[PDB]
Ligand SMILES: *[C@H](CC(=O)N1C(=O)C=C(OC)[C@@H]1Cc1ccc(-c2ccccc2)cc1)[C@H](CCc1ccccc1)NC(=O)[C@H](CC(C)C)NC(=O)[C@H](CC(C)C)NC(=O)[C@H](C(C)C)N(C)C
């Protein structure tokens, strides 16, 4: 696989978002993956709805958390493969209450037929992403309140608890790194992003990586 990949540079990544006072990381990770996999299947880049998943997906638990894998399945199985647009189902859980599910008066912005779950291997994950696009991953983020920039290298880690999006990597660098999109606004980290060290399972980045498939 190439030396460096960065799907923002190829127009595949929408702007950084804000989950607010809601534990919906898993929804933003899932959606940001779709947003990008959609685009890379010949469609134009559209902002899609997290609020759809927080409110309507009952396999997960809205602002008290969930996993990306369940979010992909609910889209497919329960919601007929559809993902509404952010515009026709805007995000409304920033104050901390997820308001109730509404099943109509929206607009479908994208569609999926399923998802793959990548093996627990950084290099295979890297290889895949080089070709197929961004990858939703689980990580330990117990200690990211502190993160101001640079390439996180220490990240000792006891469990998975945050969802985010791999959008790239760079193996030339003295410290090789992943490029990860987060949903805590452009204030946090490097304009909303974080680099973590690639090749030592930093923050448990390999452990629960997956992605949607647009048919
Ligand atoms: C999103 C993650 C999140 O937003 N944050 C972090 O993980 C770290 C952050 O800031 C530094 C942000 C905000 C944050 C900060 C601090 C806490 C905290 C602090 C002290 C004690 C408790 C909590 C929480 C969040 C969400 C957060 C879910 C959440 C919301 C409120 C309270 C606790 C947890 N994370 C998830 O949705 C994850 C994402 C997966 C991809 C790993 N999912 C989970 O955490 C599981 C969701 C299930 C399906 C409910 N959790 C579990 O499985 C656990 C384990 C121990 C079995 N269950 C609930 C017991």
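Quick note: numbers on chain A are straight from Swiss-Prot, i.e. 123-337, in order.
Recorded method is X-ray crystallography, 2.1 Å.
Keep in mind that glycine also has a Cβ here, set from the backbone N, Cα and C atoms.
Marked as active site by Swiss-Prot: 147, 284, 304. Taken from Swiss-Prot, the feature disulfide bond covers 144-185, 178-223, 277-325. The N-linked glycosylation site annotation in Swiss-Prot covers 169, 292.
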Cα proximity to residue 169 (N-linked glycosylation site), best match among recorded positions 178, 223, 304
304
Of the recorded positions 147, 277, 284, 292, 325, which ones put their CB under 6 Å from ligand 1?
147, 284
On a simple 10 Å Cβ count over all chains shown, which one of the disulfide-bonded residues 144, 178, 185, 223, 277 is most densely packed?
144
Rounded inter-Cα distance in Å - residue 147 (active site), residue 277 (disulfide bond):
19
Top Cα neighbour of residue 144 (disulfide bond) in the set of recorded positions 223, 284, 292, 325:
284
Integer Cα-Cα distance in angstrom, residue 223 (disulfide bond) to residue 284 (active site)
24
Students should find that the Cα atoms of residue 292 (N-linked glycosylation site) and residue 185 (disulfide bond) sit apart, in Å rounded to an integer, by 33
Alpha-carbon spacing, residue 325 (disulfide bond) to residue 284 (active site), which is rounded to whole Å
10
